[PDB]
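Enquirer: Let me start by giving you these chains from the complex, positioned as in the assembled structure:
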Amino acid sequence: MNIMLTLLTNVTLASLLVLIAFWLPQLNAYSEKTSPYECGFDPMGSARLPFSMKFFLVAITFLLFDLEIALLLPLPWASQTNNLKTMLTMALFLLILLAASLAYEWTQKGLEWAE
């Protein structure tokens, strides 16, 4: 309830700022003013063409490591259990496997960008 009211207040304030921005000042638009900016010269192609991503493997590894951090997050509560030895073994197991994944990718050159 309170969080919803806060979110509504913030979004309303931002929208009001946009509305004031687009209606208060004097407007004068023509084709040259609204054309895309490429440092004074017309763009040769289009900005919607494919843009090669030289770190494509690191993004997938980031997805997997995001899973790893999601698994690791409930650790502060897991340390309140009586099975401390088992919990410690499992936490260290997960972190060692994550380290092994990082080392394997590093040695197999998955962290290097495409040329």
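Expert: Perfect, thanks for sending it. Residues are numbered from 1 along each chain as shown, chains lettered A, B, ... in the order given.
Enquirer: C-alpha only now, for contacts and for neighbours.
Expert: Noted.
Enquirer: What are the neighbouring residues in contact with residue A:68?
Expert: residue A:98 (Cα atoms under 8 Å, 6 or more residues apart in numbering).
Enquirer: for residue A:108, same thing?
Expert: Contacts of residue A:108 by Cα under 8 Å, 6+ apart: none found.
Enquirer: residues near residue A:56, how many?
Expert: The tally of other residues near residue A:56 (other Cα atoms under 10 Å) stands at 14.
Enquirer: Against residue A:111, how distant is it?
Expert: Between residue A:56 and residue A:111 the computed distance is 10 Å (Cα to Cα, to the nearest Å).
Enquirer: Same check on residue A:3?
Expert: Taking Cα to Cα, one finds residue A:3 at 40 Å from residue A:111.
Enquirer: Of these two, give the one with the bigger neighbour count.
Expert: residue A:111 (16 against 8).
Enquirer: what are the phi and psi values for the nearest residue to residue A:54 once chain neighbours are set aside?
Expert: For residue A:54, ignoring the flanking residues on the chain, the nearest one in space by Cα to Cα, 6 or more residues apart in numbering is residue A:114 at 4.7 Å. Backbone geometry at residue A:114, expressed as degrees, to the nearest 10, gives phi -70, psi 150.
Enquirer: Also, this goes in as chain B:
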Amino acid sequence: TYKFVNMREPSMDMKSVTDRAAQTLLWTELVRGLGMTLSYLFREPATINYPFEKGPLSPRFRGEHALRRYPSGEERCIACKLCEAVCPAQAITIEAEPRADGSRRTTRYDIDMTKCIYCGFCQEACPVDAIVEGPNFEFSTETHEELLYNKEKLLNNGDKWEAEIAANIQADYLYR
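Expert: Just below you will find chain B, in place on the chains above:
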């Protein structure tokens, strides 16, 4: 002779290796750069309080142009066109004729201040110290035409700045 800017190798003793590892893990040179910036923060700025304070200038400074007069009030220029001949940018236009009393005086003396390169050649070639470059430099205008000076404008500049122009010429004339 010559010297090598970067051809030194690091010593591989344990103490030096540990020092380099401490520099790597504890960002020592980065902290040093921070300290340098902090020192400059606590230093005094070098900013002058313009327009209430002005940067230093010299008697040789080349600013706005002026046509001078003799102490009697007679114009110094004798329509000799040496400045017009020597002007690199061809910024000076001169037309002359005999005056009522027969003097060799100009009727048109134009300087295009948007064409002039402020090189000081005109005042070097003048044999009578007529055309000079005054100390004024804050004469920016809002329209292009206002920078196309003519003889009346240049004579007004000379009458306006005669004291300072005379003082500067007195100060610097023994080097010429």
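Enquirer: same question on the contacts of residue A:68, but with chain B included?
Expert: Shown in contact with residue A:68 (Cα atoms under 8 Å, 6 or more residues apart in numbering or on different chains): residue A:98.
Enquirer: any idea which helix or strand carries it?
Expert: helix A:56-72 (DSSP states H and E).
Enquirer: Could you pick out the longest helix of chain A?
Expert: Counting by DSSP state H, the longest helix found in chain A is helix A:84-107.
Enquirer: quick one: buried residues of that one?
Expert: Buried positions in helix A:84-107, judged by neighbour count with 16 or more other Cα atoms under 10 Å in any protein chain shown: A:87, A:91, A:98, A:102, A:105.
Enquirer: same check, this time on stretch B:43-51
Expert: Buried residues in stretch B:43-51 (16+ other Cα under 10 Å): none.
Enquirer: which other residues reach it?
Expert: Contacts of stretch B:43-51 (Cα under 8 Å, 6+ apart): B:54-55.
Enquirer: That one: how far from the chain's middle?
Expert: 21 Å (Cα atoms, centre = their mean, to the nearest Å).
Enquirer: Please export the C-alpha coordinates of it as CSV.
Expert: Taking Å, rounded to 0.1, in the frame of the first residue of the first chain, the C-alpha atoms of stretch B:43-51 are listed here in CSV:
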residue,chain,number,x,y,z
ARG,B,43,46.3,25.6,-3.7
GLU,B,44,45.2,29.2,-4.7
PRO,B,45,43.4,29.5,-8.1
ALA,B,46,45.0,31.5,-10.9
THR,B,47,41.7,33.1,-12.0
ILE,B,48,41.5,36.9,-12.4
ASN,B,49,38.2,38.7,-11.7
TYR,B,50,37.3,39.9,-15.1
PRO,B,51,36.0,42.5,-16.1
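Enquirer: Let's add chain C too:
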Amino acid sequence: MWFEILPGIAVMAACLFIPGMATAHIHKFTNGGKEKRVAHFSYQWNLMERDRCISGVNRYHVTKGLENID
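Expert: Time to bring in chain C:
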């Protein structure tokens, strides 16, 4: 000089004082002069609801005691 930066930092610090102090004053104002009750768990929430029930004015911060049991 470097102390001409201070008035801007002073204004920024004065601005940053307002949120926390305002929150503390509003919490004390709306909880009868006491800290706003923290209910991170159902036990604390049930304590607050019981305080509302026994107050008789539908306000949990209205606390009763020995004069109320007898």
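Enquirer: In light of the added chain C, please revisit the contacts of stretch B:43-51.
Expert: B:54-55, C:1-2.
Enquirer: Present these as a markdown table; the columns should include secondary structure and distance to residue B:103.
Expert: As requested, these are exported to a markdown table (DSSP: H, G, I helix; E, B strand; the rest coil; distance: Cα to Cα, whole Å):
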| residue | secondary structure | distance to residue B:103 |
| --- | --- | --- |
| B:54 | coil | 42 |
| B:55 | coil | 42 |
| C:1 | coil | 61 |
| C:2 | helix | 65 |
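Enquirer: Go through the residues you listed and give me the one with the most neighbours.
Expert: residue C:2 (11 neighbours; other Cα atoms under 10 Å in any protein chain shown).
Enquirer: How about it, nearest residue that isn't a chain neighbour?
Expert: residue B:42 (6.2 Å; Cα to Cα, 6 or more residues apart in numbering or on different chains).
Enquirer: for the residue most central in space within chain C, phi and psi?
Expert: Centroid check for chain C by Cα atoms, centre = their mean gives residue C:27 as the closest residue, at 2.5 Å. Per-residue torsions, residue C:27: phi -60, psi -40 (degrees, to the nearest 10).
Enquirer: Also residue C:35?
Expert: phi -60, psi 140.
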